[PDB]
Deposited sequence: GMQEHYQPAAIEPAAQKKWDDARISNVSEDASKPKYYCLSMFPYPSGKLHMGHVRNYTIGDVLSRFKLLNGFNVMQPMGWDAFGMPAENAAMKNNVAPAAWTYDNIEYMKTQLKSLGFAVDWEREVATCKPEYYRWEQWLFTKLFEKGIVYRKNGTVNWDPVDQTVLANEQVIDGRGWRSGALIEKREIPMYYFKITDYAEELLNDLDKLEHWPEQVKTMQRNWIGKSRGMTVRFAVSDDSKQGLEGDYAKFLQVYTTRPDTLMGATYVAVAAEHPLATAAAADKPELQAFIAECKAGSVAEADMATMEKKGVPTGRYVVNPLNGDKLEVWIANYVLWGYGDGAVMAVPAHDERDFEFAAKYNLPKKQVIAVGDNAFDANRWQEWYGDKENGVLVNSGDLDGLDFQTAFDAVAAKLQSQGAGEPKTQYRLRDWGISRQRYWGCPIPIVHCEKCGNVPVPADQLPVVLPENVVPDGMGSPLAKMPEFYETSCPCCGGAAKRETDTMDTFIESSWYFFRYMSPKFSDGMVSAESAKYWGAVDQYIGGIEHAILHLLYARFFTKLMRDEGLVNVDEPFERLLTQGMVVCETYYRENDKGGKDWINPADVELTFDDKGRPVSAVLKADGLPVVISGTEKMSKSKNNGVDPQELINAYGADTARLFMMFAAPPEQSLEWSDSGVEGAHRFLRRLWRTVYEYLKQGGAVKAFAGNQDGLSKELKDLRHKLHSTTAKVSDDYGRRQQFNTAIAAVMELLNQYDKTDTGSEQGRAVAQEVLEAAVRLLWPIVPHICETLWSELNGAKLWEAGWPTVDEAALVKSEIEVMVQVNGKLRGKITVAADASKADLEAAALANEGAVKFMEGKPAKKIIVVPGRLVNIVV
């Protein structure tokens, strides 16, 4: 055994030892219990970043842990390969997105291997390969013929200078983020998944997910946004009917979740596109301008609640069907056409958004709910105004004194009796639009024929292959300019036809890849029935919180779609979910020509603990604030430099020790140095133990007759094993597991293990510590284990707790005062000559 720890000598040998043994190449062996540990697969962007290393180390700790406990562990990896990065890189470097992607994949694969992740590389997938995406084209066609996928005109943001469609996030004050040109709202046909048909199942099945973080479940509930409320029709006043046709001349229909407060409605509000808005605006330029500004808006959903709410009165009136109040119709920017009826009622006393709106425009506020003896203040919002549970009705006529549920039913009865309303259930969830006007994506398997319509491509003809011999130029989607791709014949009639040129939302590939890993080379379906039956669901999913809503909802949706197609048996893809925190790092700047700030990467910096300077010249730079690593402020630390400098095990240890997985991880040079030094300590501890005697049979069995000091070390040992096991398998906090092993080694350092029984206990401590740490730092632990013991580490398995090592000594002594029934003198007095060990006599 070499004296000094050298990661570059031992880490490749260890990786070849694991590959040669094929520990990670698993199959559907019905003998061991399966365990499917999955980390969210990466975009092949070019290189790993520190987020990648954190995620996949966390996955590897859990996978190796379960492996050591006798599970048949599948830990697969692959490439979410489609999307915009390759297209932009194609425009920058004038290369093909496919070629750029396959080079990135090959480089990033090497980096993953070098980190020693116990990954089943025989299950690798690359979603840009036809052998992958053909199966989502297949599923598309089946759902399309069922109407679960459908085509319909939608509205997009067109940038006329960049010639591409932009999301609301990419529109800044009505203009494209890169071009700066005013975007144009354009209606175009697009494809949609009818995800709303699965809304109730997607909502209710969250209750099955006892091992999901409650905040992720809450986020999905709010996103789905089910509500049980009331349709209410307010008759249009006789004086307000000019310009209206059909039912819009007869009544204004709204949806409310608070029909218990219908007595306190003080006005109503409609969307800009509402017919009442159009009729009122017909002769009022201020309304036409307000309608125009509403339509031109591009507010993102994550910002919808943070926008300034504005309205204009229309001079039109409707009648409350329960009290006869004549209420004015306002046009408001927060009422969305297409949500419900595009028209709401307002109760400023009991809805906070209505309270702020009314307060802005000095509109009436009518209290109709009371909660205890709390005073109602029409000029200040108190949180109890909106309480649904503990309130009773007031100022509501014959409805007074009722609670929410009884008021709901009474209003429902009153409205239904006179035909003015009925209970209704709504969802905020919109259908899923999957059409992208981009090249580097999965082709949509639709052929357009003027005789036959939009025709799904037959299963025989799938895939529709995306040509990879393309370099996008940034003047429109290349597929639309490629007659060699889109000119085809109709598969129903054989006539002249055109392929769809839009490609799929790349969320589609990540919505089912966890099933494809089960049988990645299966050529007769999305996933083979034998392999889906064996692996079932993912037992553990690990990934960033930014995917807590869309990706997970899409994946749960696809799983239920595939179940209903008979491809899988589960209702839910992910049993346990762990969400890792961000990786943050200090930023460094040095001002330049125009009173601004230029940003320097941390690896090109050296500190003086005073100030910092550039490593190349030694000239100062300004130390700035800490934030998530990104190209924005040039503060991303390349993990490849971390590996080159210290080795994979140090990288893995620093990530797991620095913070709990959910907590943000702060980059720290001293922290990285401390991780490496601990590995040197571990190395020297085993080396020094073997230098004074070599290996012995580890202590096992009855520990009677062991000295107090060695019994104490065995106690620390098996409590540490218990602590670590509970940290890996239950708390999923690996930092405290590392600290616990560090405490074991501390006590070992203070224990004389020189005797024959001492060496036996020392062997037992070390054999346990290297296995307890092997999930985190497998290369050095594999090497150290081979110096201590000849068995296969993974066949020795996870350390067992010896309960007997946790029972402490006992000795019953009789208490007697005057003859009748330091250490023991204090205990017996808690109930004086002492006979050692048997009796204590209290001279009374």
| item | value |
| --- | --- |
| Missing residue ranges, deposited sequence indexing starting at 1 | 1, 610-615, 829-840, 851-864 |
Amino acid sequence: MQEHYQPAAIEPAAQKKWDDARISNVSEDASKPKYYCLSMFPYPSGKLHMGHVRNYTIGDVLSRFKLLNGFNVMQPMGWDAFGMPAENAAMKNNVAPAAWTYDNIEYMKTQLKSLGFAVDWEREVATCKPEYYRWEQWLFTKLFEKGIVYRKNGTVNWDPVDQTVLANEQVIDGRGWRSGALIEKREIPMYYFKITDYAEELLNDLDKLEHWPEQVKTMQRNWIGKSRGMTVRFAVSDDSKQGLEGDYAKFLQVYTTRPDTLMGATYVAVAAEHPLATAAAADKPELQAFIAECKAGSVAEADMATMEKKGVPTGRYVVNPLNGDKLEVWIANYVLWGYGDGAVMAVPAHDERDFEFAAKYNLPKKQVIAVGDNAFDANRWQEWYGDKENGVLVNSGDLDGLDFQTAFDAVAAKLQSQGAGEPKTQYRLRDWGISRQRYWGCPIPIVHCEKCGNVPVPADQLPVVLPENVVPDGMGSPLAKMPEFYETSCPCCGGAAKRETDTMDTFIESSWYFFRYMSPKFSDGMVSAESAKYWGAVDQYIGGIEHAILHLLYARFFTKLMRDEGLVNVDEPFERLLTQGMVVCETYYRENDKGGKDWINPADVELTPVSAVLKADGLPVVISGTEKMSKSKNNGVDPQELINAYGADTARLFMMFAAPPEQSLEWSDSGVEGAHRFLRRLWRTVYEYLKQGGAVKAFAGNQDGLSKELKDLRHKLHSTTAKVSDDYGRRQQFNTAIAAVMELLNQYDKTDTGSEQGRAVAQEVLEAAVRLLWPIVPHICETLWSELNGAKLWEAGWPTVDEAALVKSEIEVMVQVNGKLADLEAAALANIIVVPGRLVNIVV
From here on, numbers count along this sequence of modelled residues.
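Only the largest set of C-alpha atoms that superpose within 1.5 Å between the two forms is called the rigid core.
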{"property": "Higher-deviation stretch (C-alpha RMS, rigid core fit) in 9 other deposited structures of this protein, choosing from 302-310 and 266-274", "result": "302-310"}
{"property": "Greater Cα displacement in 9 other deposited structures of this protein once the core is superposed, comparing 619-627 with 724-732", "result": "619-627"}
{"property": "Unmodelled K109 in at least one third of other entries with both flanks present", "result": "no"}
{"property": "Missing-residue flag, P445, threshold a third of other entries", "result": "no"}
{"property": "292-300 versus 750-758 - which carries the larger mean C-alpha B factor in the record", "result": "292-300"}
{"property": "Higher-B stretch (mean Cα B-factor, as the entry records it), 556-564 or 390-398", "result": "390-398"}
{"property": "Given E273, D598, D431, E572, the residue at which the Cα B factor reaches its maximum", "result": "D598"}
{"property": "Residue selected from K32, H779, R64, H52 by maximal Cα B factor", "result": "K32"}
{"property": "Position of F355 among the chain's modelled residues by C-alpha B-factor, lowest, middle or highest third", "result": "middle"}
{"property": "Chain third (lowest, middle, highest) by recorded CA B-factor, residue given as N702", "result": "highest"}
{"property": "Assigned third (lowest, middle, highest) for the C-alpha B factor of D60", "result": "lowest"}
{"property": "Third assignment of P313 from its chain's C-alpha B-factors", "result": "middle"}
{"property": "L48 by Cα B-factor - lowest, middle or highest third of the modelled chain", "result": "lowest"}
